[PDB]
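Participant: Dropping a structure here in structure tokens format, bear with me for questions.
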Amino acid sequence: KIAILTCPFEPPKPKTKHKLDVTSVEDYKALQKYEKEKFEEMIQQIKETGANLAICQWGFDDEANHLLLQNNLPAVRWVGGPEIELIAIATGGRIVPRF
Amino acid sequence: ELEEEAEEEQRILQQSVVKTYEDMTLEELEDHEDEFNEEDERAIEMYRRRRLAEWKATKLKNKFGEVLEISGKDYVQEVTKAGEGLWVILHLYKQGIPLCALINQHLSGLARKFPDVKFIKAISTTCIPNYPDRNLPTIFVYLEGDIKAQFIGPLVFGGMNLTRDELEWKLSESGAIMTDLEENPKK
Amino acid sequence: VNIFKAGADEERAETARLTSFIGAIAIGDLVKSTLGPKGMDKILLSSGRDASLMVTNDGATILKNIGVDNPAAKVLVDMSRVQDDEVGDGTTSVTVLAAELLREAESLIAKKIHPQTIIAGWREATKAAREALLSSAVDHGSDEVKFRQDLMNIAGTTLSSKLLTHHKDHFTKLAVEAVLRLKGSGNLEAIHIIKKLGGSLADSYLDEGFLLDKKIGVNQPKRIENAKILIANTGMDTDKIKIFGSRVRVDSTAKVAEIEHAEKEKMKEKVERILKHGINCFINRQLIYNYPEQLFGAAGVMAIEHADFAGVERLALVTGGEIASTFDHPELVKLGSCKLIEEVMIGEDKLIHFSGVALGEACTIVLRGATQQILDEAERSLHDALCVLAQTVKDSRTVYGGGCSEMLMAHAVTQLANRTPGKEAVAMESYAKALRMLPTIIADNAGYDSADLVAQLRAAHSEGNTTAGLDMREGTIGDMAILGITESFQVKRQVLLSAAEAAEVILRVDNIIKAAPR
Ligand SMILES: Nc1ncnc2c1ncn2[C@@H]1O[C@H](COP(=O)(O)OP(=O)(O)O)[C@@H](O)[C@H]1O
Ligand SMILES: [Mg+2]
Numbered sequence: 247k248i249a250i251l252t253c254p255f256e257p258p259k260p261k262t263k264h265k266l267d268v269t270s271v272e273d274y275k276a277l278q279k280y281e282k283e284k285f286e287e288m289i290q291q292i293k294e295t296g297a298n299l300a301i302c303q304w305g306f307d308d309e310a311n312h313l314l315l316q317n318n319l320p321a322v323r324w325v326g327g328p329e330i331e332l333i334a335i336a337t338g339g340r341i342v343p344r345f
Numbered sequence: 028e029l030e031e032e033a034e035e036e037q038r039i040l041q042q043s044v045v046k047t048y049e050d051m052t053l054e055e056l057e058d059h060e061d062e063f064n065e066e067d068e069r070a071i072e073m074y075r076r077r078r079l080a081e082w083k084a085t086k087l088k089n090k091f092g093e094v095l096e097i098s099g100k101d102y103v104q105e106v107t108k109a110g111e112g113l114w115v116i117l118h119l120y121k122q123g124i125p126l127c128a129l130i131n132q133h134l135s136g137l138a139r140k141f142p143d144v145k146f147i148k149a150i151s152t153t154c155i156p157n158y159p160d161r162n163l164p165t166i167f168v169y170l171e172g173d174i175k176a177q178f179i180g181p182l183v184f185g186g187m188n189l190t191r192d193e194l195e196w197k198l199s200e201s202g203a204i205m206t207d208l209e210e211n212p213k214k
Numbered sequence: 009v010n011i012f013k014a015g016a017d018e019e020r021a022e023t024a025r026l027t028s029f030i031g032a033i034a035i036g037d038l039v040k041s042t043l044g045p046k047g048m049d050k051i052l053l054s055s056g057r058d059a060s061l062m063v064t065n066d067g068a069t070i071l072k073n074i075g076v077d078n079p080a081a082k083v084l085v086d087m088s089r090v091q092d093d094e095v096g097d098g099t100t101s102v103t104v105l106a107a108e109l110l111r112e113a114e115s116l117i118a119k120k121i122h123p124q125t126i127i128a129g130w131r132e133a134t135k136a137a138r139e140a141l142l143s144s145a146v147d148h149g150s151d152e153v154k155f156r157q158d159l160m161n162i163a164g165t166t167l168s169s170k171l172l173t174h175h176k177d178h179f180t181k182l183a184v185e186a187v188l189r190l191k192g193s194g195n196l197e198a199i200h201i202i203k204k205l206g207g208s209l210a211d212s213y214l215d216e217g218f219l220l221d222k223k224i225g226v227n228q229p230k231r232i233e234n235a236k237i238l239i240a241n242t243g244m245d246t247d248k249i250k251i252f253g254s255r256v257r258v259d260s261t262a263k264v265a266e267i268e269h270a271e272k273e274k275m276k277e278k279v280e281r282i283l284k285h286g287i288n289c290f291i292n293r294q295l296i297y298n299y300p301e302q303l304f305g306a307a308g309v310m311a312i313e314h315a316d317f318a319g320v321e322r323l324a325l326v327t328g329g330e331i332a333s334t335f336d337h338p339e340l341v342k343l344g345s346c347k348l349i350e351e352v353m354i355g356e357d358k359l360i361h362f363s364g365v366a367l368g369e370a371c372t373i374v375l376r377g378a379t380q381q382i383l384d385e386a387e388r389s390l391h392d393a394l395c396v397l398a399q400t401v402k403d404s405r406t407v408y409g410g411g412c413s414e415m416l417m418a419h420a421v422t423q424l425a426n427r428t429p430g431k432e433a434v435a436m437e438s439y440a441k442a443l444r445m446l447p448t449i450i451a452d453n454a455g456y457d458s459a460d461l462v463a464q465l466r467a468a469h470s471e472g473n474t475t476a477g478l479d480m481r482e483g484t485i486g487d488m489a490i491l492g493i494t495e496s497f498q499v500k501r502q503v504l505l506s507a508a509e510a511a512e513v514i515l516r517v518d519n520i521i522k523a524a525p526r
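Chains as they are written, first to last, in UniProt numbering: chain A, 247 to 345; chain B, 28 to 214; chain C, 9 to 526.
Structure below.
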């Protein structure tokens, strides 16, 4: 069961320019926790759909790759747009833009 | 130097091909004031009106400020649709390499130093797939997406002596490539 | 009236095939002097920048380095490179066979025979020859000792036409051993070839473990017994939080001092999480900065900085660990094991020596010659031998070498030609002559009576002795079954098919149109 996916396995960021002010060590620790739980929640949300394989168009980083490995969920990255569309038409899935 | 401004009134001429009001912009155009004759005054006000009008027109253009936060997923929008005629200076880098850290900090200083050109910075790995580590510091400039200069190399770039010479090397384009090296040669 | 361009021209007649034939024959004659155990290699010198010098024997790099002008030469070079990619052997053989096919083709077209007639004859002849070669292929793999002897023979025949022939008895088995460490995985990148100058080429050895060309940190120990290696792919640098748009906007220096203390503390806690795995070794992909190195030195572990993707992959294969990036759950996929992490010196350099490795799935070969060109040629030819050994491990079917397989398949082509009427028969006879021109060339480069040897082989193969070929250490007609000049079936089949296809595609051009150069 393949999880055809578009958005990368990285922490989100709004398209509009933004500045997240961190003003204390408590805020810095909260940011660290936010990053860690974002990765973990992303991976568990991929897993909870029962997919044995995932495909992302935009690639991702190491802290995601190890999570995909350690949960026995293979996946590929940096798949082109037309390749994503052909995979979707062939395997019968639907392209989703968000976890 | 400001010391020449107080030594003596006799500073007649030395290496000054042209000396008129047409090239005094703002900072010095208002420090003579009483030395600008009277018959040519109306021309001076016409010139200042035109040039302040041009500066006001460029106010709508020169507001970018500092660096921004583009990644691989936003590459195409900000290299093919970033605007008409606006220079974009793509930067490919990774954390850990010192020379590219130097050039990143110098580019960040340039951002506030020159707000007309808004360069964008992106991670090397998650902007182009399978980018080798032999090209850790990468800079290429273009406008409308037509890549002009894409110099590549860790040590051939020379980030130790970058500062002003390669600052204008990136800045000056659309002409002869070798235009500012002779200003600040390494020697 | 001329219509094309300034600089664009057209050769729409015998001129086109003249250029194609002369270029293909030039390629063949250049490559021809490097066949057989008695072939002599060449020097490639660049007239451009850096004046690169390389001494090489195989035809793939010879053809790819030179700048060919004739489009037929480009066809031959592309075929040689593709054939090198597919199997890694017979590039010189396929190029030479294609050259002789084109030579017999021009000889035939001199006799006023339509090129499509030659094409049909060649198709029938190559079908018959491929069938005969497949029928004459011997197979192993079920056996253990016999298959190992077959692998040794394949390595010997692949490595006898190169410089390592000088120490062939030492090298072949070594190569075999390397492939025997791959355990069936078609992963040639698991083999590392470290080339260091100094000493005779017989000092080369396949290590009993792994060698890493990296450096220990400052305060880490430089020797471990009973190593517990953790292989990672983490940052360990400044390690930004990756939330782009995060910055400190405070109103005092105490705040930023606190924030930098928090950054150092998060790095310390990450190092503590790494150490909680119960490790005494740590290999990272990218750089390790000063604070993590200090923490590792204080803890009492050994850290490796900047071991690239290939390095960590080879360490994972040779030790059994996983490429870690997040250390939340140490109870998941585990570490690797070794027995010694001594630093060993070769020449003037120091390399980390992983001995007593848990798995032999990867290894390193140390190449040590007396000249950089010798090192390069040894590396290329060892790569060819390893490619062939891996290919024949994947497909154990083998056919005899020394021209025996070529002689028998040419005999089959001749027998087919004798029973076919029309002008096809002369086309197949020319095909057989071109195919038999290879052992002639091997004997010529050896320096023997080529005509007598080829006549003897033809008689022996027509009689029925289907294991007769050229014994070159004495220069006679011997038995490849007894002698042991084997060869991979895949290599020979690919050589035949690729050469025939390239000859067919080149032969059917009657117009060359060259556009104006840039
Ligand atoms: N020791 C040998 N005795 C007889 N024939 C050999 C020997 N070594 C190689 N040959 C023959 O020479 C031909 C070309 O060999 P070689 O030069 O090794 O090709 P390559 O350059 O592609 O490795 C092979 O078809 C093989 O049958
Ligand atoms: Mg060979």
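Virtual Cβ for every residue (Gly too), placed ideally from N, Cα, C.
Determine whether the beta carbon atoms of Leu61(C) and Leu53(C) lie at a separation below 8 Å.
Facilitator: A contact, by the Cβ cut-off of 8 Å.
Participant: Please list, in chain order, the chain B residues whose beta carbon lies closer than 7 Å to that of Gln381(C).
Facilitator: Correct list: empty, because the minimum Cβ distance to chain B is about 24 Å.
Participant: Just to confirm my understanding: we take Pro338(C), look at its own chain, exclude 5 residues before and 5 after, and list those with CB closer than 7 Å. What are they?
Facilitator: Excluding positions up to five away in sequence, the list reads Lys284 and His285.
Participant: First and last residue of the beta strand (DSSP E) that includes residue 3(C)?
Facilitator: The structure shown does not extend to residue 3(C), since chain C is modelled only from 9 to 526, so the question has no answer here.
Participant: Anything in chain B within Cβ reach of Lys259(A), meaning under 8 Å, just list it in chain order.
Facilitator: Simply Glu96 and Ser98.
Participant: What beta strand (DSSP E) runs, 3 residues minimum, are completely inside the stretch 380-430 of chain C?
Facilitator: Counting only runs of 3 or more, we get 406-408.
Participant: Straight-line CA distance for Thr69(C) to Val39(C)?
Facilitator: C-alpha separation (whole angstroms): 11 Å.
Participant: Below 8 Å on the Cβ atoms is my contact criterion, and I expect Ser28(C) with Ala80(C) to pass it. Report the Cβ-Cβ distance as a whole number of Å.
Facilitator: So it is a contact: roughly 4 Å between Cβ atoms.
Participant: Looking only at DSSP bridge pairs, what is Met436(C) linked to?
Facilitator: Partner(s): none; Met436(C) has no beta bridge.
Participant: Answer yes or no: does any C-beta atom of chain C fall closer than 8 Å to that of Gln132(B)?
Facilitator: No - not a single Cβ of chain C is within 8 Å of the one on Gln132(B).
Participant: Can you check whether the C-beta of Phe290(C) is within less than 8 Å of a C-beta belonging to chain B?
Facilitator: Chain B, which has no Cβ nearer than 8 Å to the Cβ of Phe290(C), makes this no.
Participant: Using a beta-carbon distance below 8 Å, is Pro159(B) in contact with chain A?
Facilitator: Judged by the 8 Å Cβ criterion, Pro159(B) is not in contact with chain A.
Participant: Tell me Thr252(A)'s beta-bridge partners as DSSP assigns them.
Facilitator: In DSSP, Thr252(A) forms no bridge with anything.
Participant: Please report the residue range of the beta strand (DSSP E) in which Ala311(C) lies.
Facilitator: Unbroken beta strand (DSSP E) run through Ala311(C): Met310 to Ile312.
Participant: Cα separation between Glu171(B) and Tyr280(A)?
Facilitator: Straight-line Cα distance between these residues: approximately 38 Å.
Participant: Considering only heavy atoms of ligand 1, does any lie closer than 7 Å to the CB of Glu94(C)?
Facilitator: No, since every heavy atom of ligand 1 falls outside the 7 Å radius drawn around the Cβ of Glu94(C).
Participant: Under the three-state reduction of DSSP, which class applies to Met62(C): helix, strand or coil?
Facilitator: Looking at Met62(C) - three-state DSSP - the assignment turns out to be strand.
Participant: Going by beta-carbon coordinates alone, are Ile224(C) and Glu330(C) separated by less than 8 Å?
Facilitator: Their beta carbons are not under 8 Å apart, which means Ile224(C) does not touch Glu330(C) by this criterion.
Participant: Within 10 angstroms of its Cβ, does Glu55(B) collect 16 or more other Cβ (buried), or is it exposed?
Facilitator: By the 10 Å Cβ count, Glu55(B) comes out exposed.
Participant: Please state the DSSP three-state secondary structure of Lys175(B).
Facilitator: Three-state DSSP puts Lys175(B) in a strand.
Participant: Taking all protein chains shown into account, do 16 or more other C-beta atoms lie within 10 angstroms of the C-beta of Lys13(C), making it buried, or fewer, making it exposed?
Facilitator: With fewer than 16 other Cβ atoms within 10 Å, it is exposed.
Participant: Name the chain B residues whose beta carbon is nearer than 7 Å to that of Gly305(A)?
Facilitator: By Cβ distance, chain B contributes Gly99, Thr153 and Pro156.
Participant: Terminal residues of the continuous beta strand (DSSP E) containing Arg255(C)?
Facilitator: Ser254 to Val256 is the span of the beta strand (DSSP E), which, as asked, contains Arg255(C).
Participant: When you check each C-beta in the stretch 254-279 of chain A against every C-beta of chain B, which residues fall closer than 8 Å?
Facilitator: The residues in question are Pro254, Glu256, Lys259, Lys261, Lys263 and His264.
Participant: So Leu390(C) packs on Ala183(C), CB below 8 Å; how close in whole Å?
Facilitator: 6 Å between Cβ atoms; contact.
Participant: Using DSSP with H/G/I as helix, E/B as strand and the rest coil, what is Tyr169(B)?
Facilitator: Note: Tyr169(B) maps to strand in three-state DSSP.
Participant: Just to confirm, does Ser168(C) get its C-beta within under 7 Å of one of the non-hydrogen atoms of ligand 4?
Facilitator: In the structure on display, ligand 4 does not appear, and the ligands it does have are ligand 1 and ligand 2.
Participant: Going by beta-carbon coordinates alone, are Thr165(C) and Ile493(C) separated by less than 8 Å?
Facilitator: Taking 8 Å as the Cβ cut-off, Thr165(C) and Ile493(C) qualify as a contacting pair.
Participant: Would the beta-carbon of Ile199(C) fall within 8 Å of that of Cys371(C)?
Facilitator: Cβ distance < 8 Å, so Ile199(C) and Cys371(C) count as in contact.
Participant: Between the stretch 175-190 of chain B and the stretch 203-213 of chain B, are three or more C-beta pairs nearer than 8 Å?
Facilitator: Result yes; three or more Cβ-Cβ pairs closer than 8 Å.
Participant: Does DSSP classify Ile239(C) as helix, strand or coil?
Facilitator: The answer is strand: DSSP assigns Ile239(C) an E or B state.
Participant: Out of curiosity, what's the CA-to-CA distance linking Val513(C) and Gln91(C)?
Facilitator: Each residue's Cα considered, the two are about 16 Å apart.
Participant: Examine the Cβ distances between the stretch 392-411 of chain C and the stretch 479-499 of chain C and report whether three or more of them are shorter than 8 Å.
Facilitator: The stretch 392-411 of chain C, when compared against the stretch 479-499 of chain C, does touch it at the 8 Å Cβ threshold.
Participant: Nearest CA to the CA of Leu209(C): which residue from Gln380(C), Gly319(C), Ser363(C) and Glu482(C)?
Facilitator: Among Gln380(C), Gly319(C), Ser363(C) and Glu482(C), the Cα nearest to that of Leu209(C) is on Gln380(C).
Participant: Which residues in the same chain as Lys500(C) place their Cβ atom closer than 6 Å to its Cβ, once the five residues preceding and following it in sequence are excluded?
Facilitator: Cβ neighbours of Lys500(C) beyond the five flanking positions: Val407 and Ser413.
Participant: For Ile292(A), does the three-state DSSP call read helix, strand or coil?
Facilitator: The answer is helix: DSSP assigns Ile292(A) an H, G or I state.
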